[PDB]
Each structure stands twice: as structure tokens, then as C-alpha cells.
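Data from structure-v7.cif: mmCIF, C-alpha atoms
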```cif
data_final
loop_
_atom_site.label_atom_id
_atom_site.label_comp_id
_atom_site.auth_asym_id
_atom_site.auth_seq_id
_atom_site.Cartn_x
_atom_site.Cartn_y
_atom_site.Cartn_z
CA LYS A 9 -30.52 -120.77 -116.96
CA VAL A 10 -34.12 -120.00 -116.05
CA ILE A 11 -37.27 -121.44 -117.55
CA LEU A 12 -40.64 -119.80 -116.98
CA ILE A 13 -43.57 -122.14 -117.45
CA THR A 14 -46.82 -120.58 -118.76
CA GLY A 15 -50.10 -122.33 -119.68
CA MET A 16 -53.87 -121.86 -119.68
CA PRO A 17 -55.92 -123.44 -116.80
CA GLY A 18 -56.14 -127.06 -117.94
CA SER A 19 -52.85 -127.18 -119.88
CA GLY A 20 -50.92 -129.90 -117.97
CA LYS A 21 -47.94 -127.53 -117.63
CA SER A 22 -47.58 -129.07 -114.22
CA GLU A 23 -46.35 -132.35 -115.79
CA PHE A 24 -43.63 -130.46 -117.59
CA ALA A 25 -42.54 -129.06 -114.24
CA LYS A 26 -42.77 -132.48 -112.54
CA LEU A 27 -40.37 -133.62 -115.30
CA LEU A 28 -37.84 -130.80 -114.62
CA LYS A 29 -37.51 -131.23 -110.84
CA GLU A 30 -37.10 -134.95 -111.44
CA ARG A 31 -34.06 -134.15 -113.59
CA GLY A 32 -32.79 -132.07 -110.62
CA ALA A 33 -33.88 -128.45 -110.92
CA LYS A 34 -35.10 -125.70 -108.66
CA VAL A 35 -38.81 -125.57 -109.27
CA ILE A 36 -40.71 -122.72 -107.68
CA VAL A 37 -44.43 -122.79 -108.13
CA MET A 38 -45.75 -119.26 -108.45
CA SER A 39 -49.24 -119.97 -107.03
CA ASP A 40 -47.74 -121.49 -103.89
CA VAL A 41 -45.64 -118.37 -103.35
CA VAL A 42 -48.93 -116.42 -103.33
CA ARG A 43 -50.34 -119.32 -101.40
CA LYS A 44 -47.59 -118.98 -98.73
CA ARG A 45 -48.14 -115.25 -98.59
CA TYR A 46 -51.88 -115.99 -98.11
CA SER A 47 -50.91 -117.92 -94.99
CA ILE A 48 -49.72 -114.47 -93.92
CA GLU A 49 -52.43 -111.90 -94.86
CA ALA A 50 -56.18 -111.61 -95.67
CA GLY A 53 -59.00 -109.88 -100.52
CA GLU A 54 -60.81 -113.04 -99.31
CA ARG A 55 -60.05 -115.85 -101.87
CA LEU A 56 -56.52 -116.59 -103.21
CA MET A 57 -57.76 -114.80 -106.35
CA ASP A 58 -58.80 -111.43 -104.99
CA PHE A 59 -55.77 -111.60 -102.64
CA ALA A 60 -53.38 -111.58 -105.57
CA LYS A 61 -55.75 -109.06 -107.22
CA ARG A 62 -54.88 -106.63 -104.36
CA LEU A 63 -51.15 -107.53 -104.42
CA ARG A 64 -50.80 -106.49 -108.04
CA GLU A 65 -53.11 -103.51 -107.30
CA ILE A 66 -51.03 -102.32 -104.32
CA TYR A 67 -47.50 -103.72 -104.83
CA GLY A 68 -47.08 -103.93 -108.57
CA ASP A 69 -47.76 -104.89 -112.18
CA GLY A 70 -45.59 -107.02 -111.57
CA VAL A 71 -45.43 -108.16 -107.95
CA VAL A 72 -45.44 -111.95 -107.83
CA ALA A 73 -42.24 -112.43 -109.84
CA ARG A 74 -40.31 -110.44 -107.22
CA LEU A 75 -41.87 -112.66 -104.52
CA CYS A 76 -40.59 -115.72 -106.36
CA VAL A 77 -37.14 -114.28 -106.90
CA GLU A 78 -37.15 -113.54 -103.19
CA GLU A 79 -38.43 -117.09 -102.86
CA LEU A 80 -35.33 -118.34 -104.62
CA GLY A 81 -32.27 -118.00 -102.48
CA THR A 82 -29.12 -116.31 -103.62
CA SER A 83 -28.51 -120.08 -103.55
CA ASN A 84 -26.86 -121.14 -106.87
CA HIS A 85 -28.85 -123.53 -109.01
CA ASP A 86 -28.25 -124.87 -112.54
CA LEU A 87 -31.92 -124.79 -113.53
CA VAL A 88 -34.44 -122.56 -111.88
CA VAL A 89 -38.02 -123.06 -112.96
CA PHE A 90 -40.90 -120.69 -112.34
CA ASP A 91 -44.24 -122.36 -112.80
CA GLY A 92 -47.17 -120.28 -114.04
CA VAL A 93 -46.19 -116.84 -115.27
CA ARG A 94 -49.30 -114.87 -116.30
CA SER A 95 -48.08 -111.60 -117.71
CA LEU A 96 -45.23 -109.82 -119.43
CA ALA A 97 -44.98 -107.84 -116.16
CA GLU A 98 -43.77 -110.94 -114.34
CA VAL A 99 -41.45 -111.69 -117.23
CA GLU A 100 -39.86 -108.24 -117.27
CA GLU A 101 -39.35 -108.59 -113.51
CA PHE A 102 -37.74 -112.02 -113.77
CA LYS A 103 -35.54 -110.85 -116.62
CA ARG A 104 -34.47 -107.70 -114.71
CA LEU A 105 -33.74 -109.66 -111.56
CA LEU A 106 -32.30 -112.86 -113.04
CA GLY A 107 -30.60 -111.67 -116.21
CA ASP A 108 -30.59 -113.02 -119.72
CA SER A 109 -30.68 -116.85 -119.56
CA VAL A 110 -34.48 -116.63 -118.91
CA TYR A 111 -36.74 -118.55 -121.39
CA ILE A 112 -40.55 -118.76 -121.86
CA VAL A 113 -41.97 -122.19 -122.48
CA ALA A 114 -45.70 -122.21 -123.14
CA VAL A 115 -47.36 -125.62 -122.67
CA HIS A 116 -50.25 -125.67 -125.20
CA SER A 117 -53.54 -127.57 -125.26
CA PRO A 118 -56.70 -126.50 -127.11
CA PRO A 119 -59.77 -125.58 -125.00
CA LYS A 120 -62.09 -128.59 -125.57
CA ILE A 121 -59.20 -130.77 -124.24
CA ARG A 122 -58.35 -128.55 -121.24
CA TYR A 123 -62.00 -128.43 -120.34
CA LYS A 124 -62.54 -132.25 -120.54
CA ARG A 125 -59.24 -132.61 -118.71
CA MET A 126 -60.40 -130.30 -115.88
CA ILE A 127 -64.00 -131.58 -115.83
CA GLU A 128 -62.51 -135.00 -115.03
CA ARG A 129 -60.72 -133.90 -111.83
CA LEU A 130 -61.84 -135.96 -108.78
CA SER A 135 -66.89 -125.79 -111.04
CA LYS A 136 -67.68 -128.54 -113.57
CA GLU A 137 -69.98 -126.33 -115.67
CA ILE A 138 -68.63 -125.35 -119.10
CA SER A 139 -69.81 -121.78 -118.52
CA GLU A 140 -67.49 -121.43 -115.51
CA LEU A 141 -64.50 -122.91 -117.25
CA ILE A 142 -64.96 -120.48 -120.15
CA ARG A 143 -65.14 -117.64 -117.58
CA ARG A 144 -62.04 -118.92 -115.76
CA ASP A 145 -60.19 -118.78 -119.12
CA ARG A 146 -61.29 -115.18 -119.62
CA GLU A 147 -60.22 -114.23 -116.12
CA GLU A 148 -56.85 -115.72 -116.98
CA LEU A 149 -56.64 -113.99 -120.36
CA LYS A 150 -57.35 -110.69 -118.63
CA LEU A 151 -54.13 -111.26 -116.60
CA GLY A 152 -52.09 -111.26 -119.82
CA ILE A 153 -51.13 -114.92 -120.07
CA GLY A 154 -52.06 -114.70 -123.77
CA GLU A 155 -49.13 -112.41 -124.46
CA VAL A 156 -46.75 -114.63 -122.51
CA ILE A 157 -47.69 -117.40 -124.88
CA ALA A 158 -47.40 -115.14 -127.92
CA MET A 159 -43.82 -114.13 -126.91
CA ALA A 160 -42.78 -117.68 -125.97
CA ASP A 161 -39.37 -119.00 -126.85
CA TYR A 162 -40.87 -122.50 -127.23
CA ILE A 163 -44.34 -123.99 -127.31
CA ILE A 164 -44.98 -127.57 -126.36
CA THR A 165 -48.47 -128.73 -127.21
CA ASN A 166 -50.42 -131.74 -125.86
CA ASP A 167 -53.57 -133.16 -127.07
CA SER A 168 -52.88 -136.85 -126.97
CA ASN A 169 -50.73 -139.29 -125.15
CA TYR A 170 -48.61 -138.53 -122.12
CA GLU A 171 -45.84 -140.45 -123.89
CA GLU A 172 -46.13 -137.90 -126.72
CA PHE A 173 -45.94 -134.91 -124.31
CA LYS A 174 -43.03 -136.41 -122.40
CA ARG A 175 -40.80 -136.50 -125.51
CA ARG A 176 -41.72 -133.02 -126.78
CA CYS A 177 -40.49 -131.98 -123.30
CA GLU A 178 -37.24 -133.98 -123.24
CA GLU A 179 -36.48 -132.17 -126.50
CA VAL A 180 -37.66 -128.56 -125.77
CA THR A 181 -35.61 -128.84 -122.55
CA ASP A 182 -32.30 -129.86 -124.11
CA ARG A 183 -32.81 -127.46 -127.06
CA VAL A 184 -32.65 -124.92 -124.18
CA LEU A 185 -30.12 -126.78 -122.08
CA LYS B 9 -65.00 -125.90 -142.61
CA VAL B 10 -63.10 -122.63 -141.90
CA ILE B 11 -59.41 -122.24 -141.17
CA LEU B 12 -58.24 -119.18 -139.27
CA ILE B 13 -54.53 -118.51 -139.51
CA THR B 14 -53.17 -116.26 -136.72
CA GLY B 15 -49.56 -115.29 -135.96
CA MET B 16 -47.18 -112.58 -134.78
CA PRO B 17 -45.64 -110.15 -137.36
CA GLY B 18 -42.49 -112.22 -138.08
CA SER B 19 -44.17 -115.60 -137.61
CA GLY B 20 -44.30 -116.85 -141.21
CA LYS B 21 -48.12 -117.09 -141.39
CA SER B 22 -47.81 -116.36 -145.15
CA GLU B 23 -45.97 -119.60 -145.88
CA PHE B 24 -48.84 -121.67 -144.43
CA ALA B 25 -51.50 -119.57 -146.17
CA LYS B 26 -49.38 -120.08 -149.31
CA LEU B 27 -49.21 -123.79 -148.80
CA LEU B 28 -53.03 -123.97 -148.70
CA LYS B 29 -53.43 -121.47 -151.54
CA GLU B 30 -51.30 -123.93 -153.53
CA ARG B 31 -53.57 -126.82 -152.52
CA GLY B 32 -56.72 -125.29 -153.93
CA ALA B 33 -58.47 -123.69 -150.99
CA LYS B 34 -59.79 -120.10 -151.34
CA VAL B 35 -57.70 -117.85 -149.02
CA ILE B 36 -58.97 -114.43 -147.89
CA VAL B 37 -56.14 -112.18 -146.65
CA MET B 38 -57.67 -110.11 -143.89
CA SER B 39 -55.18 -107.23 -144.16
CA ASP B 40 -55.90 -107.03 -147.91
CA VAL B 41 -59.58 -106.90 -147.12
CA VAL B 42 -58.91 -103.92 -144.86
CA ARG B 43 -56.84 -102.24 -147.58
CA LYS B 44 -59.78 -102.44 -150.00
CA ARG B 45 -61.85 -100.68 -147.33
CA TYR B 46 -59.18 -98.01 -147.07
CA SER B 47 -60.03 -97.02 -150.66
CA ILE B 48 -63.53 -96.10 -149.54
CA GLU B 49 -63.38 -95.21 -145.84
CA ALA B 50 -59.86 -93.92 -145.07
CA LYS B 51 -58.61 -90.58 -146.23
CA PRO B 52 -55.38 -88.48 -146.63
CA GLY B 53 -52.70 -90.19 -144.52
CA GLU B 54 -54.21 -92.80 -142.20
CA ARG B 55 -51.03 -94.96 -141.71
CA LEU B 56 -52.95 -98.24 -142.15
CA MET B 57 -53.22 -99.36 -138.48
CA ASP B 58 -54.50 -95.81 -137.72
CA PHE B 59 -57.47 -96.51 -139.97
CA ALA B 60 -57.67 -100.15 -138.81
CA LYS B 61 -58.26 -98.82 -135.28
CA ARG B 62 -60.81 -96.18 -136.38
CA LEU B 63 -62.74 -99.01 -138.08
CA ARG B 64 -63.04 -101.01 -134.89
CA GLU B 65 -63.79 -97.82 -132.96
CA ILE B 66 -66.69 -97.28 -135.37
CA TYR B 67 -68.14 -100.72 -136.02
CA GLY B 68 -66.62 -102.60 -133.08
CA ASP B 69 -63.49 -104.80 -133.26
CA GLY B 70 -65.47 -107.57 -134.99
CA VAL B 71 -65.56 -105.56 -138.25
CA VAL B 72 -62.63 -106.97 -140.23
CA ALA B 73 -64.20 -110.44 -140.13
CA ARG B 74 -67.62 -109.04 -141.16
CA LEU B 75 -65.97 -107.53 -144.19
CA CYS B 76 -64.15 -110.75 -144.93
CA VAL B 77 -67.45 -112.61 -144.85
CA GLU B 78 -68.81 -109.78 -147.01
CA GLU B 79 -66.12 -110.63 -149.53
CA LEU B 80 -66.53 -114.40 -149.41
CA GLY B 81 -69.57 -114.57 -151.59
CA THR B 82 -72.43 -115.23 -149.11
CA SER B 83 -73.42 -118.49 -150.93
CA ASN B 84 -69.90 -120.00 -150.96
CA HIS B 85 -70.54 -123.44 -149.41
CA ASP B 86 -66.88 -124.53 -149.84
CA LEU B 87 -64.10 -124.30 -147.23
CA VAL B 88 -62.39 -120.96 -146.69
CA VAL B 89 -59.04 -119.87 -145.18
CA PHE B 90 -58.84 -116.55 -143.40
CA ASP B 91 -55.43 -115.18 -142.65
CA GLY B 92 -54.75 -113.71 -140.25
CA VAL B 93 -56.98 -112.91 -137.25
CA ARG B 94 -55.94 -110.47 -134.51
CA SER B 95 -58.73 -110.61 -131.91
CA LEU B 96 -61.03 -113.14 -130.28
CA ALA B 97 -63.67 -110.53 -131.22
CA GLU B 98 -63.22 -111.59 -134.85
CA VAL B 99 -63.16 -115.32 -134.14
CA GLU B 100 -66.55 -114.75 -132.46
CA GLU B 101 -67.80 -112.91 -135.60
CA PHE B 102 -66.69 -115.62 -138.05
CA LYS B 103 -68.36 -118.22 -135.91
CA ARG B 104 -71.57 -116.20 -135.68
CA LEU B 105 -71.54 -115.94 -139.48
CA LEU B 106 -70.12 -119.23 -140.65
CA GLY B 107 -71.17 -121.57 -137.81
CA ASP B 108 -69.56 -124.27 -135.64
CA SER B 109 -66.83 -125.78 -137.86
CA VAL B 110 -64.24 -123.00 -137.40
CA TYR B 111 -60.61 -123.66 -136.66
CA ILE B 112 -57.91 -121.39 -135.30
CA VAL B 113 -54.47 -122.50 -136.37
CA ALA B 114 -51.50 -120.37 -135.30
CA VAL B 115 -47.86 -120.10 -136.44
CA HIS B 116 -45.19 -119.56 -133.76
CA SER B 117 -41.79 -117.97 -134.00
CA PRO B 118 -39.69 -116.78 -131.03
CA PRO B 119 -39.41 -113.01 -130.95
CA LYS B 120 -35.60 -113.19 -131.68
CA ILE B 121 -36.31 -115.51 -134.65
CA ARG B 122 -39.18 -113.30 -135.79
CA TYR B 123 -37.03 -110.16 -135.88
CA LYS B 124 -33.79 -111.52 -137.46
CA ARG B 125 -36.18 -112.57 -140.19
CA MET B 126 -38.10 -109.31 -140.65
CA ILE B 127 -34.87 -107.37 -140.83
CA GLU B 128 -33.15 -109.68 -143.39
CA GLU B 137 -34.81 -100.55 -135.95
CA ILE B 138 -35.21 -103.46 -133.47
CA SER B 139 -37.13 -101.03 -131.26
CA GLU B 140 -39.70 -100.31 -133.96
CA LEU B 141 -40.33 -104.06 -134.41
CA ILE B 142 -40.93 -104.47 -130.66
CA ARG B 143 -43.48 -101.60 -130.80
CA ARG B 144 -45.20 -103.37 -133.66
CA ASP B 145 -45.63 -106.33 -131.33
CA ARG B 146 -46.75 -104.20 -128.44
CA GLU B 147 -49.43 -102.96 -130.83
CA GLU B 148 -50.41 -106.35 -132.19
CA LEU B 149 -50.86 -107.83 -128.69
CA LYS B 150 -52.93 -104.77 -127.77
CA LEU B 151 -55.33 -106.16 -130.40
CA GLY B 152 -55.59 -109.35 -128.33
CA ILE B 153 -53.79 -111.65 -130.73
CA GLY B 154 -52.27 -113.22 -127.61
CA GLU B 155 -55.62 -114.71 -126.59
CA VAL B 156 -56.32 -115.89 -130.08
CA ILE B 157 -53.02 -117.80 -129.94
CA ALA B 158 -53.86 -118.88 -126.37
CA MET B 159 -57.21 -120.29 -127.53
CA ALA B 160 -55.75 -121.90 -130.74
CA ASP B 161 -56.74 -125.39 -131.82
CA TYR B 162 -53.38 -125.94 -133.40
CA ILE B 163 -50.12 -124.09 -132.90
CA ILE B 164 -47.60 -124.97 -135.56
CA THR B 165 -44.17 -123.63 -134.59
CA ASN B 166 -41.77 -122.25 -137.22
CA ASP B 167 -38.09 -122.92 -136.45
CA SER B 168 -35.51 -123.75 -139.10
CA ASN B 169 -36.51 -125.78 -142.17
CA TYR B 170 -39.37 -124.98 -144.48
CA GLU B 171 -39.14 -128.75 -144.86
CA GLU B 172 -40.02 -129.36 -141.20
CA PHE B 173 -42.32 -126.35 -141.21
CA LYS B 174 -44.15 -127.79 -144.25
CA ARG B 175 -44.41 -131.31 -142.72
CA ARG B 176 -46.05 -129.88 -139.59
CA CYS B 177 -48.41 -127.86 -141.80
CA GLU B 178 -49.68 -130.99 -143.56
CA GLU B 179 -50.07 -132.79 -140.21
CA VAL B 180 -52.48 -130.10 -139.08
CA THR B 181 -54.32 -129.42 -142.35
CA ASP B 182 -55.14 -133.13 -142.76
CA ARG B 183 -56.04 -133.39 -139.11
CA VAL B 184 -58.27 -130.35 -139.67
CA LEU B 185 -59.95 -131.62 -142.87
#
```
Could you render the structure from this file as C-alpha cells?
Amino acid sequence: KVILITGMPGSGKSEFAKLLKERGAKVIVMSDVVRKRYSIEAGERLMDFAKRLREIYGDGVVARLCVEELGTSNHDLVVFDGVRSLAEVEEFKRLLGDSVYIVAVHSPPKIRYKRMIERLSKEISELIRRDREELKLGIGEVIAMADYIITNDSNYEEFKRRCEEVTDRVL
Amino acid sequence: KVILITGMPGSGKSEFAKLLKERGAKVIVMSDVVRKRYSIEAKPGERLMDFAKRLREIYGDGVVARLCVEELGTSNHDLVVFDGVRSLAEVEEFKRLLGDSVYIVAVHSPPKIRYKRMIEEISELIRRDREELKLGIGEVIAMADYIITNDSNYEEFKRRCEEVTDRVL
């Protein structure tokens, strides 16, 4: 069974993933796959690099790179962190099968902003832009077609439980 | 204060809009607003959406909201519920016409849930999503203040509706 994590910039979706690998699960972090491919070839910033990848290699491309990332190994839970489009989803589905679920981790802007702003690019203008950049990738649709949506304003202890549950209600 | 209800075609938006309707709040149904405009602007066939597109092509995809504010008697100082927005373009419009206190709430249902419902073929319903998302409803949901999910139980669905409404008010 596969879970794809999706979430807007400041969502905290990372904590959900931290939770899953702690309960033993293959977590593959999509941006580090691109990251690791960056280590290999030089657009200039991680951004424009993956801008070319989708432009040259496919809709589409990064999911493949993750599935290639995964071994033919054999895991109980495989977790792909940070889908951004229905392209990636289609790919995952095609490659991995039918036990693939979308979990969107939700948090309303004003929170995500204050969350990000407080990270030891702090101008509200730029955050709003970064959201738009992300929406232009298609993450919005990934959220719309989710199988589950965990929200979190409030309390980590809140968030934690809504996870424990959305996970088992899948598992 | 303004509540915007957004949701995908099978989501169960209506039930939330209903719940508020029943409370006392004035609800404007955006799609009904468009229909009324049909009567004037559309002609012969225009399979709704066909005319819904031509409207945005002609007055920019903010229009539906502008017509909903046109309805809502420009004096109406009391809280209003609009259901249901499709584009951030329209959220922008409402804000630019009704000010800061504007709230996007959204109802979620998994596609498989959403369809089993709407039926009670499949291809057609998936096209109707493809279309909806092409109106940027995805980003509206993405940028939602609240996202109430709609799994089993009107009872649990209702309880979550109150949680938000009260929070909102």
C-alpha cells in the first residue's frame, strides 16, 4: 500500500511523514530525489532544474524517478512525500498499481505563512508568490482529488491523532 | 462576514449550505445566479457550462461573483453565504467587493465516494471533474480556511459543520 503525501508550502506534511517512517515505512522524499539528481546535472536553482526535467522528460517525470528510487525491494508501506500534480499521481498509479492513496495535509494560508516566517524570503509578498508557483504545478488538484485530508491549525498533539487515524483508516 | 462554500461535484456542498439556510443566514447559490443570467444572455442550446465559459471569456472569470454581489442587495450589511465558488478569480472579486472578512470553507469527498453518491457513466463524471478543476477549484480548496470532510454520517458531517460555522462566526 502506497501513500502519496501532498501539501502547500508551509503545511507541516513533513511531520506526517516523520510519523510514518517512525512506524516503519519506506519514505521517499520527492524533493530529495530531484535534489540527488541535481547533484548530477546543472536550469540553475533546484526550481528551474525540475522546470527543465518536466519540460524535457515529462509531465510527469519526477514520479518515475521516485519509483526508480524505490527498489523492486518489497515494502509494506511506501510513502512518497510531496506530489504536486495529477501527472505524478497517474505515473505512480501506473507504475505501482491500485493500493495508492492521496493524503493532503491541510493548513490555511495565514498559518502556513506564520509557520514559515518563523523558520530560523520572510516577506509576505514572496510567500504568496511561492504559493502561486506551487499552484501552477497542479498541487491544487492533487488536494481536490485526495482520498483523505488531514488539517492542522492548532496543536501538534491534535495533528498527531488525526494522523494516527487517517493512517489506520488506510492501513 | 462572508462564507464561501466550495466543493467538488459529488462533495455534498448542498448539505452544508442547507444547514446554514436552516439557521437563518441568506444563502446565494452561485449556479442559480448564473442560470438567471442564462435567461438574458444565453441563447438556443448553450449546455450551461458552455455559456458559463462564454461569460468568463467575455467579462473575465471573476464575473459570477460580480453577479452574485449584484443580487445581494448592495446595502445588505448582514452576513451572506455564497455557494459554491470555482475559481480564486471569484474569491478575489468577492473580497474586492465585500472586504476583508471573507471565508472559504470547503467540503471534501474522495472521488470514489463522490461518484457512488452521484450515481445513486463513470467516465462522464470524471470528465465533469476534469472540467471543474480546469476552473481552478483545486486552488480554491488548496487556499481554504476550513476543509470539512464528508465521509459517512450526516451526524458526523453536521457536527463538523457546526464546529466550523461557530469558529467562523
What gap, in Å, lies between atom CA of residue A:145 and atom CA of residue B:76?
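Straight-line distance from atom CA of residue A:145 to atom CA of residue B:76 works out to 27.3 Å.
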Between A:44, A:60, A:124, A:100, which residue has the minimum interatomic distance to residue A:79, considering all atoms listed in the file?
A:44
Hits of the PyMOL selection byres ((chain A) within 10 of (chain B)) in this structure, as a ChimeraX atom specification:
/A:15-16,112,114,116-121,145-146,148-150,152-167
At a cut-off of 9 Å, using only C-alpha atoms, what residues contact residue A:108? Leave out same-chain residues fewer than 4 positions from it and give the result as a VMD selection string.
chain A and resid 9 to 10 103 to 104
For the selection you just gave me, I'd like the residues written to a file as a PDB file, keeping the file's coordinate frame, keeping C-alpha atoms.
```
ATOM      1  CA  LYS A   9     -30.520-120.770-116.960  1.00  0.00           C
ATOM      2  CA  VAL A  10     -34.120-120.000-116.050  1.00  0.00           C
ATOM      3  CA  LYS A 103     -35.540-110.850-116.620  1.00  0.00           C
ATOM      4  CA  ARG A 104     -34.470-107.700-114.710  1.00  0.00           C
TER       5      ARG A 104
END
```
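Between residue A:38 and the residues A:88, A:185, A:97, A:75, the shortest atom-to-atom distance, using only C-alpha atoms, involves A:75.
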List the spatial neighbours of residue A:70 as an mmCIF file with C-alpha atoms, keeping the file's coordinate frame - criterion: any atom at most 10 Å away, all atoms listed in the file, same-chain residues fewer than 3 positions off excluded.
```cif
data_model
loop_
_atom_site.group_PDB
_atom_site.id
_atom_site.type_symbol
_atom_site.label_atom_id
_atom_site.label_comp_id
_atom_site.auth_asym_id
_atom_site.auth_seq_id
_atom_site.Cartn_x
_atom_site.Cartn_y
_atom_site.Cartn_z
ATOM 1 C CA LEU A 63 -51.150 -107.530 -104.420
ATOM 2 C CA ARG A 64 -50.800 -106.490 -108.040
ATOM 3 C CA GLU A 65 -53.110 -103.510 -107.300
ATOM 4 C CA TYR A 67 -47.500 -103.720 -104.830
ATOM 5 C CA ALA A 73 -42.240 -112.430 -109.840
ATOM 6 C CA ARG A 74 -40.310 -110.440 -107.220
ATOM 7 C CA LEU A 75 -41.870 -112.660 -104.520
ATOM 8 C CA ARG A 94 -49.300 -114.870 -116.300
ATOM 9 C CA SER A 95 -48.080 -111.600 -117.710
ATOM 10 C CA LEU A 96 -45.230 -109.820 -119.430
ATOM 11 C CA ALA A 97 -44.980 -107.840 -116.160
ATOM 12 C CA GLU A 98 -43.770 -110.940 -114.340
ATOM 13 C CA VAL A 99 -41.450 -111.690 -117.230
ATOM 14 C CA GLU A 100 -39.860 -108.240 -117.270
ATOM 15 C CA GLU A 101 -39.350 -108.590 -113.510
ATOM 16 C CA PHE A 102 -37.740 -112.020 -113.770
#
```
For the provided coordinates, the residues matched by the PyMOL selection byres ((chain B and resi 91-99) around 6) should be stated as a list in words.
residues 12, 13, 14, 37, 38, 70, 73, 90, 100, 101, 102, 151, 152, 153 and 156 of chain B
On this structure, which residues satisfy the PyMOL selection byres ((chain A and resi 176) around 12), written as JSON, numbers by chain?
{"A": [23, 24, 27, 113, 115, 116, 162, 163, 164, 165, 166, 167, 168, 169, 170, 171, 172, 173, 174, 175, 177, 178, 179, 180, 181, 182, 183]}
Would you save the residues from that selection as a compact mmCIF listing (two decimals), in the frame of the given file, using C-alpha atoms?
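What landed in out30.txt:
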```txt
# COMPACT_ATOMS: atom_id res chain seq x y z
CA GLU A 23 -46.35 -132.35 -115.79
CA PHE A 24 -43.63 -130.46 -117.59
CA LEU A 27 -40.37 -133.62 -115.30
CA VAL A 113 -41.97 -122.19 -122.48
CA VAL A 115 -47.36 -125.62 -122.67
CA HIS A 116 -50.25 -125.67 -125.20
CA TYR A 162 -40.87 -122.50 -127.23
CA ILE A 163 -44.34 -123.99 -127.31
CA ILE A 164 -44.98 -127.57 -126.36
CA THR A 165 -48.47 -128.73 -127.21
CA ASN A 166 -50.42 -131.74 -125.86
CA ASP A 167 -53.57 -133.16 -127.07
CA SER A 168 -52.88 -136.85 -126.97
CA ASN A 169 -50.73 -139.29 -125.15
CA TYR A 170 -48.61 -138.53 -122.12
CA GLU A 171 -45.84 -140.45 -123.89
CA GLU A 172 -46.13 -137.90 -126.72
CA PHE A 173 -45.94 -134.91 -124.31
CA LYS A 174 -43.03 -136.41 -122.40
CA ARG A 175 -40.80 -136.50 -125.51
CA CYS A 177 -40.49 -131.98 -123.30
CA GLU A 178 -37.24 -133.98 -123.24
CA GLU A 179 -36.48 -132.17 -126.50
CA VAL A 180 -37.66 -128.56 -125.77
CA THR A 181 -35.61 -128.84 -122.55
CA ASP A 182 -32.30 -129.86 -124.11
CA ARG A 183 -32.81 -127.46 -127.06
```
Between atom CA of residue B:179 and atom CA of residue B:32, what is the spacing in Å?
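Distance reported for this atom pair: 17.0 Å.
Non-sequential neighbours of residue B:178 (distance at most 12 Å, separation of 2 or more positions within a chain, only C-alpha atoms) are residues 24, 25, 27, 28, 31, 162, 164, 170, 171, 172, 173, 174, 175, 176, 180, 181, 182, 183, 184 and 185 of chain B.
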Could you turn the residues from that selection into a file that holds C-alpha atoms, as a compact mmCIF listing (two decimals), in the coordinates of the input?
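Below is the file that was written, selection_31.txt:
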```txt
# COMPACT_ATOMS: atom_id res chain seq x y z
CA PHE B 24 -48.84 -121.67 -144.43
CA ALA B 25 -51.50 -119.57 -146.17
CA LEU B 27 -49.21 -123.79 -148.80
CA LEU B 28 -53.03 -123.97 -148.70
CA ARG B 31 -53.57 -126.82 -152.52
CA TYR B 162 -53.38 -125.94 -133.40
CA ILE B 164 -47.60 -124.97 -135.56
CA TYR B 170 -39.37 -124.98 -144.48
CA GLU B 171 -39.14 -128.75 -144.86
CA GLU B 172 -40.02 -129.36 -141.20
CA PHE B 173 -42.32 -126.35 -141.21
CA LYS B 174 -44.15 -127.79 -144.25
CA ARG B 175 -44.41 -131.31 -142.72
CA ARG B 176 -46.05 -129.88 -139.59
CA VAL B 180 -52.48 -130.10 -139.08
CA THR B 181 -54.32 -129.42 -142.35
CA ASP B 182 -55.14 -133.13 -142.76
CA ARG B 183 -56.04 -133.39 -139.11
CA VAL B 184 -58.27 -130.35 -139.67
CA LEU B 185 -59.95 -131.62 -142.87
```
